[PDB]
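I have placed the structure first, in the form of structure tokens, so that the comments after it can refer back to it.
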Amino acid sequence: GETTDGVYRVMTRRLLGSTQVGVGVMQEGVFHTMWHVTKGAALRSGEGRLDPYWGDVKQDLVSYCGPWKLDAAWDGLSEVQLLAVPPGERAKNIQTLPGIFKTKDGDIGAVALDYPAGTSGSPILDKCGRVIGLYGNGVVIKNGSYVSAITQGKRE
Amino acid sequence: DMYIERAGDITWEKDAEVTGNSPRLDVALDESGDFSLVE
Ligand SMILES: CN(C)C(=O)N1CCNCC1
Ligand SMILES: CN(C)C(=O)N1CCNCC1
């Protein structure tokens, strides 16, 4: 099926009508999304099938057709773009300066942007167009505002 | 069965909408992949 690089919607027919449950990135023949979007299940691309290859619930990431290919990282200084793909709506670039998730195991960039649940897996980009992580695993803070980690995997 | 549909090219767009703040938050990540706020 479709193996062209780019951002994709992840859809299901299990619920009422056609529902968008998330988003992902096709790069170098590998499809990358968040684990909570597919739960590790196989995907369809037209008449073709994508099988999971690697996955980890704690990182909340999964890759299909090959190993994780996304290795760019947020530089800790510059603004980034969330390439948001909301349900039933056009892809839209949103520029923002990331905040920080401070953890006992190190610091992670975070984006304070709020989109419907089905937007999980939308890529976050650097000034070169490189994917530095995926949007959709985060927290709700004091004023009811959602903050997502910039979640990135490791390229072996 | 779940399926994928192309939605766009991955590129940086000049003069995109600029919004969102930059909070610094102390968080914990559990074995289930759920983040939670630590205070
Ligand atoms: C994972 N994710 C993007 C969500 O579940 N959200 C954020 C808070 N508003 C509702 C939708
Ligand atoms: C439309 N949008 C991105 C939001 O829901 N925002 C507003 C400004 N930053 C926090 C959340």
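Identifiers in the structure tokens: chain A, B, ... in order shown; residue index from 1 per chain; ligand index from 1 in order shown.
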
Please write out the residues within 10 Å of ligand 2 as a PyMOL selection string, counting only C-alpha atoms and all ligand atoms. (chain A and resi 82+84+94-96+111-116+145-147) or (chain B and resi 17-22)

Please dump the current selection as a compact mmCIF listing (two decimals), in the first residue's frame; keep N, CA and C atoms.
```txt
# COMPACT_ATOMS: atom_id res chain seq x y z
N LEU A 82 4.34 21.68 16.24
CA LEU A 82 3.49 20.52 16.37
C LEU A 82 2.75 20.46 15.02
N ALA A 84 -0.06 19.22 13.90
CA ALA A 84 -1.29 18.64 14.44
C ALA A 84 -2.19 18.10 13.35
N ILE A 94 1.69 24.26 14.21
CA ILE A 94 1.53 25.18 15.34
C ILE A 94 2.89 25.35 15.93
N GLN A 95 3.38 26.58 15.96
CA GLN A 95 4.70 26.86 16.50
C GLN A 95 4.64 27.20 17.98
N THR A 96 5.56 26.63 18.80
CA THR A 96 5.54 26.86 20.24
C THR A 96 6.93 26.70 20.85
N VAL A 111 5.21 20.05 25.27
CA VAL A 111 4.46 21.07 24.55
C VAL A 111 3.09 21.30 25.18
N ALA A 112 2.80 22.55 25.54
CA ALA A 112 1.53 22.90 26.17
C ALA A 112 0.47 23.26 25.14
N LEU A 113 -0.03 22.25 24.43
CA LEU A 113 -1.02 22.46 23.39
C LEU A 113 -2.12 21.41 23.60
N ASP A 114 -3.39 21.81 23.43
CA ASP A 114 -4.50 20.91 23.69
C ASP A 114 -5.31 20.60 22.43
N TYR A 115 -5.33 19.32 22.03
CA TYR A 115 -6.07 18.82 20.89
C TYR A 115 -6.87 17.58 21.28
N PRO A 116 -7.93 17.21 20.53
CA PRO A 116 -8.69 16.00 20.88
C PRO A 116 -7.79 14.75 20.98
N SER A 145 -5.17 22.58 32.13
CA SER A 145 -4.47 22.65 30.85
C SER A 145 -3.65 21.37 30.61
N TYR A 146 -3.69 20.84 29.38
CA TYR A 146 -2.94 19.64 29.02
C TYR A 146 -1.53 19.94 28.52
N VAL A 147 -0.54 19.24 29.06
CA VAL A 147 0.85 19.36 28.62
C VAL A 147 1.34 17.97 28.18
N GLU B 17 0.81 29.42 12.97
CA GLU B 17 0.17 30.06 14.13
C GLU B 17 1.10 29.83 15.35
N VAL B 18 1.46 30.89 16.09
CA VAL B 18 2.36 30.72 17.25
C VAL B 18 1.58 30.84 18.57
N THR B 19 1.57 29.78 19.40
CA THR B 19 0.81 29.77 20.65
C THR B 19 1.38 28.73 21.67
N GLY B 20 0.84 28.72 22.89
CA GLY B 20 1.25 27.80 23.92
C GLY B 20 2.30 28.39 24.83
N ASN B 21 2.23 28.06 26.12
CA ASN B 21 3.22 28.51 27.07
C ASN B 21 4.33 27.41 27.23
N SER B 22 5.27 27.55 28.20
CA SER B 22 6.41 26.63 28.38
C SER B 22 6.61 26.28 29.88
```

Hey, which residues sit close to ligand 1? Say within 12 Å, counting only C-alpha atoms and all ligand atoms, and write them as a ChimeraX atom specification. /A:21-23,34-37,60,84-87,111-122,134-141,143-149 /B:34-35

Those selected residues, please, written with N, CA and C atoms and delivered as a tab-separated table (two decimals), in the first residue's frame.
```
chain	number	residue	atom	x	y	z
A	21	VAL	N	-8.53	7.36	15.70
A	21	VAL	CA	-8.04	7.05	17.05
A	21	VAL	C	-6.64	7.63	17.35
A	22	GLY	N	-5.92	8.05	16.30
A	22	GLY	CA	-4.59	8.64	16.41
A	22	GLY	C	-4.00	9.03	15.06
A	23	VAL	N	-2.67	9.28	15.07
A	23	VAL	CA	-1.82	9.78	13.99
A	23	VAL	C	-0.45	9.09	14.05
A	34	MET	N	2.11	6.13	18.65
A	34	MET	CA	2.12	5.89	20.08
A	34	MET	C	1.41	4.55	20.36
A	35	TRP	N	1.91	3.79	21.34
A	35	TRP	CA	1.37	2.49	21.72
A	35	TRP	C	-0.11	2.57	22.07
A	36	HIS	N	-0.52	3.57	22.85
A	36	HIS	CA	-1.93	3.70	23.24
A	36	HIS	C	-2.92	3.90	22.04
A	37	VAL	N	-2.41	4.33	20.87
A	37	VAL	CA	-3.27	4.53	19.71
A	37	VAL	C	-3.68	3.19	19.11
A	60	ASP	N	5.52	4.37	25.54
A	60	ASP	CA	4.28	4.61	24.84
A	60	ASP	C	4.60	4.82	23.35
A	84	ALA	N	-0.06	19.22	13.90
A	84	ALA	CA	-1.29	18.64	14.44
A	84	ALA	C	-2.19	18.10	13.35
A	85	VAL	N	-2.73	16.85	13.55
A	85	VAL	CA	-3.66	16.26	12.58
A	85	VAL	C	-4.94	15.89	13.33
A	86	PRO	N	-5.82	16.89	13.60
A	86	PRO	CA	-7.03	16.60	14.39
A	86	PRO	C	-8.08	15.80	13.63
A	87	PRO	N	-8.93	15.05	14.34
A	87	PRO	CA	-9.98	14.27	13.66
A	87	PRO	C	-10.86	15.12	12.75
A	111	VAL	N	5.21	20.05	25.27
A	111	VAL	CA	4.46	21.07	24.55
A	111	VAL	C	3.09	21.30	25.18
A	112	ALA	N	2.80	22.55	25.54
A	112	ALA	CA	1.53	22.90	26.17
A	112	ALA	C	0.47	23.26	25.14
A	113	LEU	N	-0.03	22.25	24.43
A	113	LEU	CA	-1.02	22.46	23.39
A	113	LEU	C	-2.12	21.41	23.60
A	114	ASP	N	-3.39	21.81	23.43
A	114	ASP	CA	-4.50	20.91	23.69
A	114	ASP	C	-5.31	20.60	22.43
A	115	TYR	N	-5.33	19.32	22.03
A	115	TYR	CA	-6.07	18.82	20.89
A	115	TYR	C	-6.87	17.58	21.28
A	116	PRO	N	-7.93	17.21	20.53
A	116	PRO	CA	-8.69	16.00	20.88
A	116	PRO	C	-7.79	14.75	20.98
A	117	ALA	N	-8.21	13.74	21.77
A	117	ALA	CA	-7.50	12.47	21.97
A	117	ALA	C	-6.98	11.81	20.67
A	118	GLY	N	-7.79	11.88	19.60
A	118	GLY	CA	-7.43	11.29	18.31
A	118	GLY	C	-6.28	11.96	17.57
A	119	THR	N	-5.74	13.02	18.13
A	119	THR	CA	-4.58	13.74	17.60
A	119	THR	C	-3.25	13.10	18.08
A	120	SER	N	-3.31	12.15	19.07
A	120	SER	CA	-2.11	11.47	19.60
A	120	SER	C	-1.32	10.83	18.49
A	121	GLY	N	-0.01	11.07	18.49
A	121	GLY	CA	0.90	10.55	17.49
A	121	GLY	C	1.35	11.60	16.48
A	122	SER	N	0.74	12.83	16.50
A	122	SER	CA	1.14	13.92	15.62
A	122	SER	C	2.62	14.26	15.90
A	134	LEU	N	6.88	12.59	19.23
A	134	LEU	CA	5.44	12.48	18.97
A	134	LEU	C	4.65	13.06	20.13
A	135	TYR	N	3.50	13.68	19.81
A	135	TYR	CA	2.61	14.35	20.78
A	135	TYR	C	1.53	13.38	21.26
A	136	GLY	N	1.12	13.45	22.54
A	136	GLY	CA	0.01	12.61	22.98
A	136	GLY	C	0.13	11.80	24.24
A	137	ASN	N	1.26	11.89	24.97
A	137	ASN	CA	1.39	11.24	26.27
A	137	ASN	C	1.87	12.32	27.21
A	138	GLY	N	1.02	12.70	28.14
A	138	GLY	CA	1.33	13.80	29.04
A	138	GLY	C	0.53	13.85	30.31
A	139	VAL	N	0.25	15.09	30.78
A	139	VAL	CA	-0.41	15.35	32.04
A	139	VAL	C	-1.37	16.56	31.97
A	140	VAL	N	-2.23	16.71	32.98
A	140	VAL	CA	-3.13	17.85	33.15
A	140	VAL	C	-2.60	18.60	34.35
A	141	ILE	N	-2.35	19.92	34.22
A	141	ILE	CA	-1.82	20.69	35.34
A	141	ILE	C	-2.93	21.54	36.03
A	143	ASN	N	-4.51	24.37	36.21
A	143	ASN	CA	-5.64	25.09	35.60
A	143	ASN	C	-6.46	24.28	34.58
A	144	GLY	N	-6.32	22.97	34.62
A	144	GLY	CA	-6.99	22.07	33.68
A	144	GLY	C	-6.40	22.06	32.28
A	145	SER	N	-5.17	22.58	32.13
A	145	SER	CA	-4.47	22.65	30.85
A	145	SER	C	-3.65	21.37	30.61
A	146	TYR	N	-3.69	20.84	29.38
A	146	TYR	CA	-2.94	19.64	29.02
A	146	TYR	C	-1.53	19.94	28.52
A	147	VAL	N	-0.54	19.24	29.06
A	147	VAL	CA	0.85	19.36	28.62
A	147	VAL	C	1.34	17.97	28.18
A	148	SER	N	1.81	17.85	26.94
A	148	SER	CA	2.29	16.56	26.43
A	148	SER	C	3.84	16.47	26.46
A	149	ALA	N	4.43	15.32	26.75
A	149	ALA	CA	5.88	15.16	26.62
A	149	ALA	C	6.20	15.21	25.10
B	34	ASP	N	2.10	6.02	32.16
B	34	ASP	CA	1.31	7.19	32.56
B	34	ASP	C	2.18	8.20	33.32
B	35	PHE	N	2.20	9.45	32.86
B	35	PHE	CA	2.87	10.53	33.60
B	35	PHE	C	1.90	11.06	34.64
```

Taking only C-alpha atoms into account, which residues of chain A are within 7 Å of chain B, as a ChimeraX atom specification? /A:6-13,43-45,57-60,81,91,93-103,112-113,125,127-129,138-139

Using only C-alpha atoms, please write the residues we just selected to a file, as a PDB file, in the first residue's frame.
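And here's out-v9.pdb as it stands now:
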```pdb
ATOM      1  CA  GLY A   6       4.674  11.804   5.655  1.00  0.00           C
ATOM      2  CA  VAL A   7       2.047  12.133   8.392  1.00  0.00           C
ATOM      3  CA  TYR A   8      -0.914   9.720   8.459  1.00  0.00           C
ATOM      4  CA  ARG A   9      -4.236   9.382  10.268  1.00  0.00           C
ATOM      5  CA  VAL A  10      -4.923   6.096  12.131  1.00  0.00           C
ATOM      6  CA  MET A  11      -8.603   5.124  11.702  1.00  0.00           C
ATOM      7  CA  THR A  12     -11.007   2.417  12.928  1.00  0.00           C
ATOM      8  CA  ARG A  13     -14.435   1.010  11.924  1.00  0.00           C
ATOM      9  CA  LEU A  43      -2.665  -1.961  10.517  1.00  0.00           C
ATOM     10  CA  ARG A  44      -4.047  -1.823   6.971  1.00  0.00           C
ATOM     11  CA  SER A  45      -2.715   0.504   4.214  1.00  0.00           C
ATOM     12  CA  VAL A  57       4.271   0.447  26.842  1.00  0.00           C
ATOM     13  CA  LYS A  58       6.458   2.522  29.223  1.00  0.00           C
ATOM     14  CA  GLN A  59       7.828   4.725  26.372  1.00  0.00           C
ATOM     15  CA  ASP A  60       4.279   4.609  24.836  1.00  0.00           C
ATOM     16  CA  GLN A  81       6.248  22.990  15.424  1.00  0.00           C
ATOM     17  CA  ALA A  91      -3.064  19.067   9.043  1.00  0.00           C
ATOM     18  CA  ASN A  93       1.491  23.515  11.918  1.00  0.00           C
ATOM     19  CA  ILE A  94       1.526  25.175  15.338  1.00  0.00           C
ATOM     20  CA  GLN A  95       4.704  26.857  16.496  1.00  0.00           C
ATOM     21  CA  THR A  96       5.539  26.856  20.239  1.00  0.00           C
ATOM     22  CA  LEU A  97       8.414  27.020  22.763  1.00  0.00           C
ATOM     23  CA  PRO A  98       8.573  23.771  24.731  1.00  0.00           C
ATOM     24  CA  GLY A  99       8.450  23.631  28.507  1.00  0.00           C
ATOM     25  CA  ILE A 100      10.167  20.857  30.548  1.00  0.00           C
ATOM     26  CA  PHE A 101       9.096  17.611  32.247  1.00  0.00           C
ATOM     27  CA  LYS A 102      11.697  17.182  35.064  1.00  0.00           C
ATOM     28  CA  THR A 103      12.006  13.487  36.073  1.00  0.00           C
ATOM     29  CA  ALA A 112       1.527  22.904  26.170  1.00  0.00           C
ATOM     30  CA  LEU A 113      -1.024  22.457  23.391  1.00  0.00           C
ATOM     31  CA  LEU A 125       9.468  19.086  14.308  1.00  0.00           C
ATOM     32  CA  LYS A 127      13.633  23.972  11.956  1.00  0.00           C
ATOM     33  CA  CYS A 128      15.093  21.405   9.476  1.00  0.00           C
ATOM     34  CA  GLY A 129      11.829  19.482   9.225  1.00  0.00           C
ATOM     35  CA  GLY A 138       1.331  13.803  29.039  1.00  0.00           C
ATOM     36  CA  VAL A 139      -0.415  15.345  32.037  1.00  0.00           C
TER      37      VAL A 139
END
```

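Shortest separation to residue 80 of chain A among A:42, A:50, A:132, A:15 occurs at residue A:132, atoms counted being only C-alpha atoms.
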
If you measure from atom CA of residue 33 of chain A to atom CA of residue 88 of chain A, what distance in Å do you get, rounded to one decimal? 18.5 Å
